[PDB]
Amino acid sequence: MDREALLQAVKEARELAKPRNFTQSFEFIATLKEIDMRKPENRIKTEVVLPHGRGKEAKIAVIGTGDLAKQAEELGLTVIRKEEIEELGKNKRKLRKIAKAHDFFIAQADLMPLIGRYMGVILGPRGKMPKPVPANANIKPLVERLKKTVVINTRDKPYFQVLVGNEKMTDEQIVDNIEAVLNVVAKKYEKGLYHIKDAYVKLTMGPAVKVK
C-alpha cells in the first residue's frame with residue numbers, strides 16, 4: 001500500500017518460491033471490505049495499462065480489411081480478413097484455437113454484426129469480444145497500449161487477482177505496475193483504497209505473501 005511495504009512483499013515473494021523450470025509471473029491479490037457486491041455498480045471490470053508491461057506482451061488479432069488489415073500486418077499482428085469470418089464461424093475447432101492464442105481482438109467497426117453472428121458464440125463466453133475501431137483509424141496507439149494491458153475483474157466476489165510482471169523484471173518495476181492497479185481501486189470507490197482489506201503478492205508456483 002505504501003511503496004517500501006510493497007517492495008518488501010515483492011522481495012520476499014521471490015525469495016520464497018522454489019525455482020521451477022520456467023519464468024514464473026507475479027500475481028497481485030487484494031480482498032475488499034465494506035463494499036456490497038450484490039450492487040452491480042460496485043463490481044470492477046477494468047483494463048489497466050501497466051507502466052512496464054506484463055512480462056510477455058499480449059497477443060492481439062485484427063479482424064478487418066483494407067488499410068486496417070495493412071496496418072495490422074505492418075505491425076506484425078494476426079490479421080483475420082473479412083472473407084474469413086464465415087469460414088471461422090463454421091470451423092469452431094479452429095476458432096477455439098484462435099481465441100486461446102490471442103489476448104485481445106480489435107475489429108473494423110462496421111464488421112461487428114457479422115463477427116457477432118458467426119464468432120460471438122465462441123468469443124463472447126471467453127470475454128474475447130473484439131474492440132471496434134473506425135475503418136480508417138490509426139491503430140498503432142491502441143496496439144501499443146493493449147500489448148501492456150491487463151483486465152481486473154471481480155465479478156461478484158469481493159476480491160481480485162491480476163498479473164503484474166514476471167521474474168525477469170526488477171522489484172521496482174513490479175511495484176510500479178502494482179501501483180497502476182491500486183490506482184483503479186482508488187478512483188472506483190469514494191473512500192478509495194480504504195476498501196482494501198488484505199493485499200498479497202505471489203509468484204506462479206510460490207506462496208502468497210501478505211503486504212506489511
Side-chain angles (χ1 to χ4, degrees), residues 22-28 44-153 161-170 172-181 183-184 204:
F22 70 99
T23 307
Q24 298 179 56
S25 302
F26 280 96
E27 263 106 62
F28 173 66
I44 306 179
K45 168 92 167 290
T46 60
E47 271 168 11
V48 197
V49 179
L50 292 179
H52 307 300
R54 309 161 100 249
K56 51 172 197 169
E57 297 181 311
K59 311 259 177 170
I60 300 175
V62 170
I63 309 155
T65 28
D67 196 46
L68 203 67
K70 277 187 156 63
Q71 290 182 68
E73 72 187 53
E74 283 164 47
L75 300 166
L77 311 178
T78 299
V79 190
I80 296 166
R81 291 171 161 101
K82 202 260 221 59
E83 31 279 11
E84 294 169 75
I85 294 177
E86 289 204 3
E87 307 179 36
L88 285 176
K90 302 180 182 160
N91 183 351
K92 298 208 192 55
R93 183 161 305 170
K94 179 175 180 182
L95 181 53
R96 251 196 297 288
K97 280 181 217 216
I98 286 182
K100 178 200 175 184
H102 295 86
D103 293 287
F104 297 101
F105 285 80
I106 277 164
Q108 192 167 310
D110 39 285
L111 301 194
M112 281 309 273
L114 289 172
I115 300 180
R117 185 179 325 143
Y118 282 93
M119 298 168 84
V121 65
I122 296 187
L123 293 192
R126 284 165 252 254
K128 301 283 185 77
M129 267 317 282
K131 272 119 169 317
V133 302
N136 60 330
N138 174 203
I139 58 155
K140 192 187 230 298
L142 180 69
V143 164
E144 280 203 316
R145 289 158 194 148
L146 293 177
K147 278 169 178 295
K148 300 180 180 180
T149 296
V150 285
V151 189
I152 299 177
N153 187 191
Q161 185 174 340
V162 244
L163 169 73
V164 289
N166 55 359
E167 278 165 337
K168 295 177 63 170
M169 299 165 42
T170 71
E172 212 68 43
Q173 276 179 323
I174 301 306
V175 177
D176 285 353
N177 276 359
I178 294 183
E179 288 187 9
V181 162
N183 179 72
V184 165
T204 293

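Numbers for residues simply follow the sequence, beginning at 1.
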(request) Measure the spacing between CG of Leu68 and NZ of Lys82 and express it to the nearest 0.5 Å. (result) 12.0 Å
(request) Please answer whether the main-chain N or O of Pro141 pairs with a side-chain N or O of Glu144 as donor and acceptor at a distance below 3.5 Å. (result) no
(request) Check for a donor-acceptor pair, side chain of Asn166 on one end and backbone N or O of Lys56 on the other, with a separation under 3.5 Å. (result) no
(request) Could you check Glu167 against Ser25 for side-chain hydrogen bond (donor to acceptor under 3.5 Å, both in side chains), going step by step and ending with a plain yes or no? (result) CA-CA 6 Å; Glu167 278 165 337; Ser25 302; over 6 Å; no
(request) For residues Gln71 and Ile139, report the shortest heavy-atom separation together with the two atoms involved. (result) OE1-N, 3.0 Å
(message) If I compare all heavy atoms of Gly64 with all of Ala69, which pair ends up nearest, and what's the gap?
(response) O-CB, 3.8 Å
(request) Scan residues 124-143 for pairs that pass ring-ring contact (aromatic ring centres under 6.0 Å, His included), counting only residues two or more places apart or in two chains. (result) none
(message) Treating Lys128 as the side-chain partner and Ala99 as the backbone partner, does any N or O pair qualify as donor plus acceptor under 3.5 Å?
(response) yes
(request) Say whether, by atom type as modelled, one donor and one acceptor occur between the side chain of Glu84 and the main chain of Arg81 under 3.5 angstrom. (result) yes
(request) Over all heavy atoms of both residues, which pair between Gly53 and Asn177 is shortest? Give the atoms and the distance, please. (result) O-ND2, 2.8 Å
(request) Keeping the roles fixed (side chain from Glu47, backbone from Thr149), state whether a donor-acceptor pair exists under 3.5 Å. (result) no
(message) For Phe105, give me all partners under ring pair (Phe, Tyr, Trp, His ring centres under 6.0 Å), at least two apart in sequence or on another chain.
(response) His102
(request) Identify the two heavy atoms, one from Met169 and one from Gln173, that lie closest to each other, and give their separation to 0.1 Å. (result) CB-OE1, 3.1 Å
(message) Would the distance check show the side chain of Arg54 and the main-chain N or O of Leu50 forming a donor-acceptor pair, the cut-off being under 3.5 Å?
(response) no
